[PDB]
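Q: Got a structure for you, coords.txt, holding compact mmCIF, C-alpha atoms.
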```txt
# COMPACT_ATOMS: atom_id res chain seq x y z
CA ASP A 2490 -176.01 -89.03 -58.79
CA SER A 2491 -179.19 -89.75 -60.74
CA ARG A 2492 -181.22 -88.29 -57.85
CA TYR A 2493 -181.33 -84.71 -56.61
CA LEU A 2494 -178.81 -83.85 -53.92
CA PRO A 2495 -180.04 -82.35 -50.63
CA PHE A 2496 -180.78 -78.60 -50.79
CA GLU A 2497 -180.28 -78.64 -54.58
CA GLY A 2498 -182.47 -76.18 -56.46
CA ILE A 2499 -182.77 -73.66 -53.62
CA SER A 2500 -182.14 -70.17 -54.96
CA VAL A 2501 -179.12 -68.57 -53.32
CA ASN A 2502 -181.25 -65.45 -52.70
CA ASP A 2503 -183.91 -67.40 -50.78
CA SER A 2504 -185.57 -65.63 -47.85
CA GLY A 2505 -185.71 -68.91 -45.91
CA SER A 2506 -183.11 -70.00 -43.40
CA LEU A 2507 -180.93 -73.02 -42.69
CA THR A 2508 -181.08 -74.39 -39.14
CA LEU A 2509 -178.50 -76.58 -37.41
CA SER A 2510 -179.87 -78.45 -34.38
CA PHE A 2511 -178.04 -80.39 -31.66
CA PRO A 2512 -180.37 -82.68 -29.66
CA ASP A 2513 -179.60 -83.48 -26.02
CA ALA A 2514 -177.25 -80.54 -25.51
CA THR A 2515 -177.75 -80.32 -21.75
CA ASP A 2516 -177.44 -83.60 -21.35
CA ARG A 2517 -175.39 -85.96 -23.46
CA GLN A 2518 -173.70 -83.39 -25.74
CA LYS A 2519 -172.87 -80.60 -23.27
CA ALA A 2520 -169.18 -81.55 -23.23
CA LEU A 2521 -168.95 -81.55 -27.03
CA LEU A 2522 -170.73 -78.23 -27.60
CA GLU A 2523 -168.85 -76.40 -24.84
CA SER A 2524 -165.67 -77.43 -26.68
CA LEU A 2525 -167.03 -76.28 -30.06
CA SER A 2526 -165.07 -73.39 -31.57
CA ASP A 2527 -167.60 -72.31 -34.24
CA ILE A 2528 -169.77 -73.66 -37.07
CA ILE A 2529 -168.57 -73.81 -40.69
CA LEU A 2530 -170.88 -74.19 -43.70
CA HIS A 2531 -169.46 -75.42 -47.02
CA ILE A 2532 -172.13 -74.30 -49.50
CA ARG A 2533 -171.54 -75.04 -53.19
CA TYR A 2534 -173.70 -73.36 -55.83
CA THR A 2535 -173.91 -73.06 -59.62
CA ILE A 2536 -174.22 -69.97 -61.82
CA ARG A 2537 -176.20 -69.94 -65.07
CA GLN B 2295 -205.66 -97.63 -66.69
CA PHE B 2296 -202.31 -97.55 -68.51
CA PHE B 2297 -203.01 -94.12 -70.02
CA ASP B 2298 -203.67 -92.70 -66.55
CA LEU B 2299 -200.31 -93.99 -65.29
CA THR B 2300 -198.49 -93.00 -68.49
CA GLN B 2301 -199.75 -89.40 -68.44
CA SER B 2302 -198.84 -89.27 -64.74
CA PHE B 2303 -195.26 -90.18 -65.64
CA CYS B 2304 -195.27 -87.50 -68.35
CA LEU B 2305 -196.39 -84.85 -65.86
CA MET B 2306 -193.67 -85.66 -63.31
CA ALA B 2307 -191.20 -85.76 -66.19
CA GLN B 2308 -192.35 -82.26 -67.15
CA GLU B 2309 -191.84 -81.08 -63.57
CA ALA B 2310 -188.23 -82.32 -63.70
CA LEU B 2311 -187.58 -80.25 -66.84
CA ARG B 2312 -189.14 -77.16 -65.24
CA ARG B 2313 -186.77 -77.54 -62.29
CA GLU B 2314 -183.71 -77.84 -64.54
CA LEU B 2315 -184.55 -74.79 -66.66
CA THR B 2316 -186.03 -72.87 -63.68
CA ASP B 2317 -188.90 -71.88 -66.00
CA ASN B 2318 -192.33 -72.77 -64.62
CA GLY B 2319 -194.06 -71.31 -67.70
CA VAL B 2320 -193.08 -74.04 -70.16
CA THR B 2321 -195.95 -76.44 -70.91
CA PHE B 2322 -195.73 -79.50 -73.15
CA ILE B 2323 -198.43 -81.85 -71.82
CA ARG B 2324 -201.38 -79.73 -72.95
CA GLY B 2325 -204.23 -82.19 -72.47
CA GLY B 2326 -206.50 -83.73 -75.06
CA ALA B 2327 -204.15 -86.62 -75.85
CA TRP B 2328 -207.13 -88.94 -75.34
CA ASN B 2329 -209.79 -87.79 -77.82
CA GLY B 2330 -213.18 -89.40 -78.29
CA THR B 2331 -213.01 -89.17 -82.08
CA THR B 2332 -210.32 -91.89 -82.10
CA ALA B 2333 -211.71 -93.96 -79.17
CA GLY B 2334 -208.58 -93.18 -77.15
CA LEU B 2335 -206.09 -94.46 -79.72
CA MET B 2336 -203.16 -92.30 -80.86
CA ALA B 2337 -202.80 -91.21 -77.23
CA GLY B 2338 -199.28 -92.61 -76.95
CA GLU B 2339 -198.23 -91.03 -80.24
CA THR B 2340 -199.38 -87.62 -79.02
CA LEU B 2341 -197.47 -88.09 -75.76
CA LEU B 2342 -194.38 -89.21 -77.70
CA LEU B 2343 -194.47 -85.92 -79.60
CA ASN B 2344 -194.74 -83.99 -76.32
CA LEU B 2345 -191.74 -85.83 -74.85
CA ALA B 2346 -189.72 -85.26 -78.03
CA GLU B 2347 -190.46 -81.53 -77.80
CA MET B 2348 -189.32 -81.61 -74.16
CA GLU B 2349 -186.01 -83.18 -75.15
CA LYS B 2350 -185.46 -80.66 -77.95
CA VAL B 2351 -185.89 -77.63 -75.69
CA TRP B 2352 -183.73 -79.33 -73.04
CA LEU B 2353 -180.82 -79.87 -75.45
CA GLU B 2354 -181.08 -76.37 -76.92
CA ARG B 2355 -181.23 -74.48 -73.60
CA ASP B 2356 -178.82 -76.65 -71.59
CA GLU B 2357 -175.84 -74.81 -70.11
CA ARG B 2358 -172.65 -75.78 -68.30
CA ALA B 2359 -172.74 -73.86 -65.03
CA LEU B 2360 -170.00 -72.02 -63.17
CA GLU B 2361 -169.28 -74.04 -60.03
CA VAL B 2362 -168.39 -72.00 -56.93
CA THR B 2363 -167.55 -72.85 -53.32
CA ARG B 2364 -168.52 -70.50 -50.49
CA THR B 2365 -167.26 -70.99 -46.93
CA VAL B 2366 -169.26 -69.41 -44.10
CA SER B 2367 -168.07 -69.07 -40.51
CA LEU B 2368 -171.10 -68.71 -38.25
CA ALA B 2369 -169.09 -66.92 -35.56
CA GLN B 2370 -168.00 -64.32 -38.12
CA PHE B 2371 -171.49 -64.05 -39.62
CA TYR B 2372 -173.32 -63.51 -36.32
CA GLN B 2373 -170.81 -60.92 -35.07
CA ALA B 2374 -170.83 -58.82 -38.27
CA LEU B 2375 -174.62 -58.45 -38.49
CA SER B 2376 -175.67 -54.81 -38.69
CA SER B 2377 -178.77 -54.76 -36.45
CA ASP B 2378 -179.19 -57.87 -34.26
CA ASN B 2379 -175.71 -59.30 -33.66
CA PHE B 2380 -174.18 -61.43 -30.90
CA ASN B 2381 -171.16 -63.60 -30.11
CA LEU B 2382 -171.47 -67.28 -30.98
CA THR B 2383 -169.10 -68.88 -28.47
CA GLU B 2384 -170.07 -66.71 -25.49
CA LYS B 2385 -173.82 -67.13 -26.03
CA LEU B 2386 -173.48 -70.87 -26.71
CA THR B 2387 -171.54 -71.53 -23.50
CA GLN B 2388 -173.96 -69.27 -21.62
CA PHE B 2389 -176.97 -71.20 -22.93
CA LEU B 2390 -175.39 -74.49 -21.82
CA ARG B 2391 -174.54 -73.39 -18.27
CA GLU B 2392 -178.12 -72.15 -17.71
CA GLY B 2393 -180.53 -74.31 -19.65
CA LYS B 2394 -182.39 -71.39 -21.21
CA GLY B 2395 -181.51 -69.04 -24.02
CA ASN B 2396 -182.53 -66.94 -27.02
CA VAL B 2397 -180.64 -64.29 -29.01
CA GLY B 2398 -180.98 -62.69 -32.42
CA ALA B 2399 -183.74 -61.64 -34.78
CA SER B 2400 -186.07 -64.13 -36.44
CA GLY B 2401 -184.06 -65.98 -39.09
CA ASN B 2402 -180.57 -65.19 -37.75
CA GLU B 2403 -180.91 -66.64 -34.28
CA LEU B 2404 -179.32 -68.90 -31.67
CA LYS B 2405 -181.74 -70.42 -29.17
CA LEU B 2406 -182.16 -73.39 -26.83
CA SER B 2407 -185.69 -74.67 -27.46
CA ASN B 2408 -186.77 -77.75 -25.47
CA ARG B 2409 -183.38 -79.40 -24.73
CA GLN B 2410 -182.08 -78.75 -28.26
CA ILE B 2411 -179.82 -75.92 -29.43
CA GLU B 2412 -180.57 -74.29 -32.78
CA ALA B 2413 -178.53 -71.98 -35.03
CA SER B 2414 -180.48 -70.18 -37.76
CA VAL B 2415 -178.91 -68.48 -40.80
CA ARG B 2416 -181.00 -66.71 -43.44
CA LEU B 2417 -179.75 -67.49 -46.94
CA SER B 2418 -180.40 -64.02 -48.38
CA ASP B 2419 -178.32 -62.45 -45.58
CA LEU B 2420 -175.15 -64.19 -46.80
CA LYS B 2421 -175.21 -61.83 -49.84
CA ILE B 2422 -173.86 -64.46 -52.21
CA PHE B 2423 -175.06 -62.55 -55.29
CA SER B 2424 -172.55 -59.82 -54.39
CA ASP B 2425 -169.63 -62.28 -54.58
CA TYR B 2426 -169.63 -62.10 -58.40
CA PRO B 2427 -170.70 -59.39 -60.88
CA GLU B 2428 -174.36 -59.07 -61.85
CA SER B 2429 -173.44 -60.51 -65.26
CA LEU B 2430 -172.32 -64.16 -65.78
CA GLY B 2431 -175.91 -65.33 -65.21
CA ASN B 2432 -179.03 -64.68 -63.14
CA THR B 2433 -179.77 -68.25 -61.96
CA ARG B 2434 -177.67 -69.12 -58.91
CA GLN B 2435 -178.85 -72.16 -56.95
CA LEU B 2436 -177.37 -74.46 -54.32
CA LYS B 2437 -175.89 -77.80 -55.36
CA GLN B 2438 -174.48 -79.39 -52.18
CA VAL B 2439 -173.90 -78.30 -48.58
CA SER B 2440 -171.39 -79.70 -46.07
CA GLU C 2392 -153.48 -46.30 -56.23
CA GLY C 2393 -156.79 -47.60 -57.55
CA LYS C 2394 -155.97 -46.99 -61.21
CA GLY C 2395 -153.74 -48.81 -63.65
CA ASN C 2396 -153.02 -50.04 -67.17
CA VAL C 2397 -149.93 -51.63 -68.73
CA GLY C 2398 -149.24 -53.76 -71.79
CA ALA C 2399 -150.56 -54.11 -75.31
CA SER C 2400 -154.09 -55.29 -76.07
CA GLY C 2401 -154.16 -59.04 -75.50
CA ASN C 2402 -151.10 -59.18 -73.22
CA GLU C 2403 -152.26 -56.76 -70.57
CA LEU C 2404 -152.74 -56.21 -66.84
CA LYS C 2405 -155.24 -53.51 -65.91
CA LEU C 2406 -157.53 -52.41 -63.08
CA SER C 2407 -160.88 -51.58 -64.71
CA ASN C 2408 -163.67 -50.37 -62.40
CA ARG C 2409 -162.58 -51.93 -59.06
CA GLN C 2410 -161.55 -55.20 -60.75
CA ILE C 2411 -158.07 -56.33 -61.80
CA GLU C 2412 -157.71 -58.18 -65.11
CA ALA C 2413 -154.81 -60.15 -66.61
CA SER C 2414 -154.92 -60.79 -70.37
CA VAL C 2415 -152.82 -63.42 -72.17
CA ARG C 2416 -153.07 -63.93 -75.93
CA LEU C 2417 -153.13 -67.63 -76.83
CA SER C 2418 -151.14 -67.30 -80.06
CA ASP C 2419 -148.35 -65.44 -78.22
CA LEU C 2420 -147.58 -68.51 -76.09
CA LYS C 2421 -146.10 -70.14 -79.24
CA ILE C 2422 -147.36 -73.59 -78.31
CA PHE C 2423 -146.99 -74.90 -81.88
CA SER C 2424 -143.22 -74.44 -81.45
CA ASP C 2425 -143.11 -76.86 -78.49
CA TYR C 2426 -143.27 -79.86 -80.86
CA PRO C 2427 -142.15 -80.41 -84.46
CA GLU C 2428 -144.40 -79.30 -87.30
CA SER C 2429 -145.08 -82.97 -88.08
CA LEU C 2430 -147.11 -85.26 -85.76
CA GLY C 2431 -150.31 -83.40 -86.76
CA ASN C 2432 -151.74 -80.01 -87.67
CA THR C 2433 -154.83 -79.98 -85.40
CA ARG C 2434 -153.93 -78.79 -81.89
CA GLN C 2435 -156.84 -77.75 -79.66
CA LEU C 2436 -157.33 -77.19 -75.94
CA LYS C 2437 -158.85 -79.92 -73.78
CA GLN C 2438 -158.83 -78.61 -70.18
CA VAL C 2439 -157.38 -75.62 -68.31
CA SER C 2440 -156.51 -75.36 -64.61
CA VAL C 2441 -155.16 -72.42 -62.61
CA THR C 2442 -152.85 -72.33 -59.58
CA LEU C 2443 -152.63 -69.21 -57.39
CA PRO C 2444 -149.69 -69.48 -54.96
CA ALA C 2445 -150.85 -66.89 -52.41
CA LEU C 2446 -151.40 -66.77 -48.65
CA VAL C 2447 -155.17 -66.92 -48.13
CA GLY C 2448 -156.56 -67.07 -44.61
CA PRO C 2449 -158.62 -70.07 -43.51
CA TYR C 2450 -162.38 -69.96 -44.15
CA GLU C 2451 -161.71 -67.34 -46.86
CA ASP C 2452 -162.30 -68.15 -50.53
CA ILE C 2453 -160.60 -66.87 -53.66
CA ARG C 2454 -163.02 -65.30 -56.15
CA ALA C 2455 -161.79 -65.22 -59.75
CA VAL C 2456 -163.15 -65.88 -63.24
CA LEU C 2457 -161.11 -67.17 -66.19
CA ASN C 2458 -162.72 -66.11 -69.46
CA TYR C 2459 -162.25 -66.73 -73.19
CA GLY C 2460 -162.71 -63.76 -75.52
CA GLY C 2461 -162.14 -65.17 -79.00
CA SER C 2462 -164.63 -65.63 -81.81
CA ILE C 2463 -164.64 -69.44 -82.11
CA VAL C 2464 -168.15 -70.83 -81.67
CA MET C 2465 -168.44 -72.50 -78.26
CA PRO C 2466 -170.95 -74.75 -76.52
CA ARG C 2467 -173.20 -72.96 -74.05
CA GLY C 2468 -171.37 -72.22 -70.81
CA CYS C 2469 -167.96 -73.54 -71.91
CA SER C 2470 -166.17 -70.18 -72.21
CA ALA C 2471 -165.45 -69.55 -68.51
CA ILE C 2472 -164.59 -71.21 -65.19
CA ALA C 2473 -164.76 -69.89 -61.63
CA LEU C 2474 -161.77 -70.43 -59.33
CA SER C 2475 -162.45 -70.72 -55.61
CA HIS C 2476 -159.39 -72.37 -53.98
CA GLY C 2477 -156.47 -71.81 -56.38
CA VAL C 2478 -154.62 -75.12 -55.94
CA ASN C 2479 -154.74 -76.84 -59.34
CA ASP C 2480 -158.25 -75.39 -59.53
CA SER C 2481 -160.30 -76.57 -62.51
CA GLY C 2482 -163.47 -74.71 -61.50
CA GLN C 2483 -165.45 -77.97 -61.33
CA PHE C 2484 -166.83 -79.85 -58.34
CA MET C 2485 -165.48 -83.12 -59.74
CA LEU C 2486 -163.45 -83.00 -62.94
CA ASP C 2487 -163.97 -85.92 -65.33
CA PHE C 2488 -162.02 -86.42 -68.56
CA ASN C 2489 -164.63 -88.98 -69.68
CA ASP C 2490 -167.54 -86.53 -69.43
CA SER C 2491 -170.32 -86.81 -72.01
CA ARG C 2492 -170.31 -83.00 -72.34
CA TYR C 2493 -167.55 -80.76 -73.66
CA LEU C 2494 -165.09 -79.56 -71.05
CA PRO C 2495 -164.59 -75.80 -70.61
CA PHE C 2496 -162.37 -74.20 -73.29
CA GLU C 2497 -162.31 -77.50 -75.22
CA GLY C 2498 -162.11 -77.14 -78.99
CA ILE C 2499 -160.33 -73.78 -79.00
CA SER C 2500 -157.42 -73.93 -81.42
CA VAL C 2501 -154.06 -73.48 -79.70
CA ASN C 2502 -153.20 -70.89 -82.38
CA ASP C 2503 -156.21 -68.69 -81.55
CA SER C 2504 -155.66 -64.94 -81.79
CA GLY C 2505 -158.05 -64.41 -78.87
CA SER C 2506 -156.97 -64.04 -75.27
CA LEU C 2507 -157.75 -65.56 -71.89
CA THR C 2508 -158.60 -63.09 -69.13
CA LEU C 2509 -158.38 -63.66 -65.38
CA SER C 2510 -160.54 -61.28 -63.34
CA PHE C 2511 -160.58 -60.69 -59.58
CA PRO C 2512 -163.72 -58.84 -58.42
CA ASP C 2513 -163.53 -56.57 -55.37
CA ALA C 2514 -159.78 -56.00 -55.62
CA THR C 2515 -159.88 -52.68 -53.75
CA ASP C 2516 -161.95 -53.85 -51.42
CA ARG C 2517 -162.26 -57.36 -50.03
CA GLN C 2518 -159.43 -59.04 -51.97
CA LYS C 2519 -156.72 -56.38 -51.63
CA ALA C 2520 -154.86 -58.47 -49.05
CA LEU C 2521 -154.93 -61.59 -51.26
CA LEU C 2522 -153.66 -59.89 -54.41
CA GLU C 2523 -150.86 -58.06 -52.58
CA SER C 2524 -149.79 -61.50 -51.32
CA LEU C 2525 -150.08 -63.10 -54.77
CA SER C 2526 -146.74 -64.33 -56.12
CA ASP C 2527 -147.78 -64.99 -59.75
CA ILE C 2528 -150.38 -66.79 -61.88
CA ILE C 2529 -149.87 -70.31 -63.28
CA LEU C 2530 -151.97 -71.75 -66.11
CA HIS C 2531 -152.20 -75.54 -66.52
CA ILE C 2532 -153.38 -75.88 -70.13
CA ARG C 2533 -153.89 -79.37 -71.56
CA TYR C 2534 -154.21 -79.77 -75.32
CA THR C 2535 -154.38 -82.56 -77.89
CA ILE C 2536 -152.42 -83.06 -81.12
CA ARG C 2537 -153.91 -84.66 -84.24
CA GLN D 2295 -194.19 -82.09 -86.36
CA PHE D 2296 -192.06 -85.14 -85.53
CA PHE D 2297 -190.05 -84.80 -88.74
CA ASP D 2298 -189.22 -81.20 -87.79
CA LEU D 2299 -187.87 -82.32 -84.42
CA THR D 2300 -186.07 -85.35 -85.86
CA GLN D 2301 -184.25 -83.39 -88.58
CA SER D 2302 -183.29 -80.79 -85.97
CA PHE D 2303 -181.67 -83.55 -83.90
CA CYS D 2304 -179.84 -84.80 -87.00
CA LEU D 2305 -178.41 -81.33 -87.67
CA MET D 2306 -177.01 -80.89 -84.16
CA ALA D 2307 -175.65 -84.42 -84.35
CA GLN D 2308 -173.90 -83.43 -87.59
CA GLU D 2309 -172.48 -80.31 -85.92
CA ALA D 2310 -171.02 -82.48 -83.15
CA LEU D 2311 -169.21 -84.57 -85.78
CA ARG D 2312 -167.89 -81.42 -87.47
CA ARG D 2313 -166.46 -80.26 -84.14
CA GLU D 2314 -164.84 -83.64 -83.45
CA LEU D 2315 -163.20 -83.94 -86.88
CA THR D 2316 -162.52 -80.17 -87.09
CA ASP D 2317 -163.88 -80.31 -90.66
CA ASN D 2318 -166.75 -77.88 -91.28
CA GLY D 2319 -167.04 -78.93 -94.94
CA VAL D 2320 -168.55 -82.38 -94.41
CA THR D 2321 -172.28 -82.51 -95.14
CA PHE D 2322 -174.54 -85.53 -94.62
CA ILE D 2323 -178.04 -84.07 -94.15
CA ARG D 2324 -178.49 -82.90 -97.73
CA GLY D 2325 -182.20 -82.07 -97.66
CA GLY D 2326 -185.02 -83.69 -99.57
CA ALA D 2327 -185.54 -86.48 -97.03
CA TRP D 2328 -189.21 -85.43 -97.05
CA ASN D 2329 -190.33 -85.73 -100.68
CA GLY D 2330 -193.79 -84.84 -101.98
CA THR D 2331 -193.96 -87.88 -104.26
CA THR D 2332 -194.35 -90.13 -101.18
CA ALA D 2333 -196.41 -87.68 -99.06
CA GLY D 2334 -193.54 -87.46 -96.56
CA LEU D 2335 -193.11 -91.19 -95.99
CA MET D 2336 -189.65 -92.80 -96.19
CA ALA D 2337 -188.30 -89.72 -94.41
CA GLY D 2338 -187.11 -91.65 -91.36
CA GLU D 2339 -185.39 -94.28 -93.49
CA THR D 2340 -183.51 -91.57 -95.40
CA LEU D 2341 -182.27 -90.02 -92.16
CA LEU D 2342 -181.13 -93.44 -90.91
```
Would you mind writing the file out in structure tokens?

A:
Amino acid sequence: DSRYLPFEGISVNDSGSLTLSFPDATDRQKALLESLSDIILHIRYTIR
Amino acid sequence: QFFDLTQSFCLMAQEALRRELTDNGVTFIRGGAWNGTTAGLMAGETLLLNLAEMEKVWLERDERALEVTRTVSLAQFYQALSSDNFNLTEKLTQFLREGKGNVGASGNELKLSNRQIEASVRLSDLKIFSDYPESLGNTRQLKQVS
Amino acid sequence: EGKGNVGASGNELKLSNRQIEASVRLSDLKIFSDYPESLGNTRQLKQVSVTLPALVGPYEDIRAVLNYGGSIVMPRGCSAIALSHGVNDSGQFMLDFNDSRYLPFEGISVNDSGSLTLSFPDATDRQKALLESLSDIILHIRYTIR
Amino acid sequence: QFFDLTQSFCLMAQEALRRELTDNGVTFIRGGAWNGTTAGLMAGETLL
């Protein structure tokens, strides 16, 4: 892509944190989240 | 008016090059392109030289990067933390049955704020630099996350 | 036993530091003999992929680096790839044979006296289970004849 | 300054051709494009 991808440029040693948020988890997504097994992140990085 | 816009484009073009080389110290638009001794003329020619210098350093210091994939299981990550650990499935189901919850240290945390659940993972705590030897390069940055 | 060395220089399997390394000399593959001496004298690599038929658990990634050690002048960053899944792995997020930039290992003569080296970091250590399960190493080398 | 950058681009363009033909002996940028008799003019035309 001619435009920057999301999260591109973030140093892999960054002291900041990624946050995954599920709205209405009480509420409309209780059934889904109770069935959730875990959370998987597929992070791809480059080495120079 | 056109010089103001044109130099603005040059500056945001310089910022793109700084991001690609990860070197904030490089400077090519040095000011003084518009000089009173020439009534503002030769401003574009000066900026053309600056852009040409930008391209030359870009071509000379460009590098094909090693492209790595890292898979992270949040259940594994939260359980293996040294100091402030917890269990992802048990705490998640607990937070849903009683609509309150908070567990973990700041940065590596699972909480139910408002009516929204939130899982926090600190990037430096994944220790991705340790996955490969300290050689092979010092610039390791994210490209895409799924 | 976390020590080891076997083979001549260039065609060698060793465990240096806590890292295992497999060396294969390019000229010893006798790739010129695969086709008659006619049809062209210029035979150079174009792209190299690696397959690792092992039993790796889900959400676990292979960590290996294929490296070129010869003396032929290379473009910046085109002397190594990083394997992370091992199934026809090219080390690239999206391989393209029409790329405007040189592919890794491209331009190396198929008669080169240098050697390719596959390295597994943390083989003592976090990847002991994977390497004990490894069946062998397969190189998918693509080259051109002129 | 522009001639310095332009001739540098020509050289790395020549090196790309040498890699593609696998012939290091071919030479096209022979020097003297900038000549003192014309105060440096006609340099771009020579490189073309």

Q: Dump as a list in words all residues having an atom at most 12 Å from (-145.5, -77.3, -82.2), computed in the file's coordinates with only C-alpha atoms.

A: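 These residues have at least one counted atom within 12 Å: residues 2418, 2420, 2421, 2422, 2423, 2424, 2425, 2426, 2427, 2428, 2429, 2430, 2431, 2432, 2433, 2434, 2435, 2501, 2502, 2534, 2535, 2536 and 2537 of chain C.
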
Q: With all atoms listed in the file as the basis for distance, which of B:2359, B:2405, B:2372, B:2320 is at the shortest distance from residue 2432 in chain B?

A: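 For residue 2432 in chain B, the nearest of the candidates is B:2359.
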
Q: Please return, as a list in words, all polymer residues that have at least one atom within 12 Å of the point (-194.1, -84.8, -64.9); use only C-alpha atoms and the file's own coordinate frame.

A: residues 2299, 2300, 2301, 2302, 2303, 2304, 2305, 2306, 2307, 2308, 2309, 2310, 2311, 2312, 2313, 2321, 2322, 2323, 2324, 2341, 2344, 2345 and 2348 of chain B

Q: Contacts of residue 2451 in chain C at 12 Å or less, counting all atoms listed in the file, minus same-chain residues fewer than 6 places along, as JSON, numbers by chain?

A: {"A": [2529, 2530, 2531], "B": [2363, 2364, 2365, 2366, 2367, 2370], "C": [2475, 2476, 2477, 2517, 2518, 2520, 2521]}

Q: Considering all atoms listed in the file, extract the chain A residues located within 6 Å of chain B and return them as a PyMOL selection string.

A: chain A and resi 2497-2514+2523+2527-2537

Q: Just need the residues of chain D within 8 Å of chain B, counting only C-alpha atoms, so spit them out as a short mmCIF file (atom, residue, chain, number, x, y, z; two decimals) with C-alpha atoms, in the frame of the given file.

A:
```cif
data_model
loop_
_atom_site.label_atom_id
_atom_site.label_comp_id
_atom_site.auth_asym_id
_atom_site.auth_seq_id
_atom_site.Cartn_x
_atom_site.Cartn_y
_atom_site.Cartn_z
CA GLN D 2295 -194.19 -82.09 -86.36
CA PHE D 2296 -192.06 -85.14 -85.53
CA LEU D 2299 -187.87 -82.32 -84.42
CA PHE D 2303 -181.67 -83.55 -83.90
#
```

Q: To one decimal in Å, tell me the separation between CA of residue 2488 in chain C and CA of residue 2439 in chain C.

A: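 According to the coordinates, CA of residue 2488 in chain C and CA of residue 2439 in chain C are separated by 11.8 Å.
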
Q: CA of residue 2319 in chain D to CA of residue 2496 in chain C: how many Å, to one decimal?

A: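 Separation between CA of residue 2319 in chain D and CA of residue 2496 in chain C: 22.6 Å.
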